[PDB]
Structure formats: structure tokens, C-alpha cells
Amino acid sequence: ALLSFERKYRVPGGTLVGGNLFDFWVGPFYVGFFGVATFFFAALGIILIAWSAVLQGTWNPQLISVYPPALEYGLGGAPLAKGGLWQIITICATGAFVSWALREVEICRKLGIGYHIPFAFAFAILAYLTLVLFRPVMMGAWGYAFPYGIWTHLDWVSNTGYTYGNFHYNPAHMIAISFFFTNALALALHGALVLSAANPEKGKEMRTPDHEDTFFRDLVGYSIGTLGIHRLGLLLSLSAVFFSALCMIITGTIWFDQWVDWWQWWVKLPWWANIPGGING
């Protein structure tokens, strides 16, 4: 059940709630108060999904979908079968995600490490909450949230996107996509870099960090360093998700026409708005 070095770390303490009541493990898994909360919310949520599947009349995972209340309900409670289940499942999911993060904090405390992981995960939760809570509340209806279904969630992405034309033209979406693409690039490189040093040409000695710096400086004239790359990946991926949330919190609220037309303010600036030639004259 334990890794060969694990026992020295398995001491009492670090919990946030309940002293030592839940201060124990199950196999590899730490429990704690929030381990217990997580189980409760997740199990309720799954049971409610299964019920929803029975009412929907199917057990196929490709088919089961849980839709929010229709727009006519606004921000009220819908009858269980007409969107209410979606509403309780959404409370459960948030319960589970937040509980998961708080459990991670308890683990950090036990291990004497920094809180970076749960804090990073908090960005993912916030993006989720943007789509299902913040944006719908701002727009006046639960029905604007995405449905819980493997394929139907993708219908929502398409319909929402095309409601504003080609979603590519959301400027905040462009920044977001850029952080995503740059992240994947940096992950490839950090991975490759470390492995190329740890696993040199056949028969050579392991290279050093100096060789990593050297390699990169040689290639592009800069190296961010080893602290920097881990700061970088954290920043890039957290920023991707920040601008993802931003790009949606603004859609259907402060801007609701075709995103392509937002770009017109630049073209219609007095000093060149009227000059002929080019594409727009």
C-alpha cells in the first residue's frame, strides 16, 4: 500500500476540519474531512445522473444528457425532470470540485509543501463556474449553461459559438488560444529538454543543467532557467484558462453581436477610415 519511502511522511496533523476524525488513508488515498465531503457530493451527483438517465430512458453513455432549465424558467427552480436535476447536479459538482481542492490543501499541510496545486486547480473550477453559474446569472437564465452529456455539451459549444458568427473573432478568445498553443509548445520543450539531458547519446554521462541552458541559448539565444520554466508553464496554462473565462463572461453580456464586427472600430478610425484602396476601401 505504501511507497518504499512513504512511511516517514504519514504523520498525524494538517487537517482543516475535525482534528483527527478523518485523519487516515484508504490504500494510497488520503481521506480527511474533504475526502468525505468529496465522496458525498460526487456520489449524490452520480446517483442523480443515474436517475436522470432512467427518466431520460437510456443507459448508453453516448446518449445520457442532463439539460438545464429552458430559458422561460429564468433563474428560478425548474421541476426535477425539466432542468431541476441539472440544477442539483451542478450544486453537487461544485461541492465535489471545491472539496477536492480543500482536500489538496490538507495534503499540502501534512507534507509541508506550498499551496500552488489547489490554487492552480481553483482556476479550472472558476472556468467551470463561469460557464454554469456566473455567465448564466449575468444573462438572466440557467438555460444558457451547457448540458451534461458527452456529445450534447459539444452541440452547446457549436451553437453558442455560431450565435456570434465565427467565434474566432472574439479578441479575448484569441489571447486564450495563444496561451493554450504556447503552453503545449513549452510542455513539449521542457519535457524534451530534461529528457535529452537525463538520457544523452549512448554511453555518455548524464548532461547537467548547464548543458540545458547551453542547448537553449545555442538554439535561440535565451534560456529561462529551471525555476523559470516551471513558473512559465504555470503562468501559460493558468493564463489560458483566465482568458477562456474572460472571453465567455463577456459574450452575451457586454458584447452580443457578431464578434467579427467588433474589429470595425479600428478600421473606422477618423485618420484612415476614408482613405481608398486596400481591403476595406
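Quick note: we count residues from 1 along the sequence shown, nothing fancier.
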query	finding
Between 99 to 107 and 203 to 211 (mean CA B-factor, as deposited), the higher	203 to 211
Which of 227 to 235 and 45 to 53 has higher mean CA B factor, as the PDB entry lists it	45 to 53
Chain-wide C-alpha B factor ranking for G32, given as lowest, middle or highest third	lowest
Ranked against its chain, the third holding the CA B-factor of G83	highest
Lowest, middle or highest third - CA B-factor, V260	middle
Relative C-alpha B-factor of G143, binned into the chain's lowest, middle or highest third	middle
Modelled-residue ranking by C-alpha temperature factor, third containing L71	highest
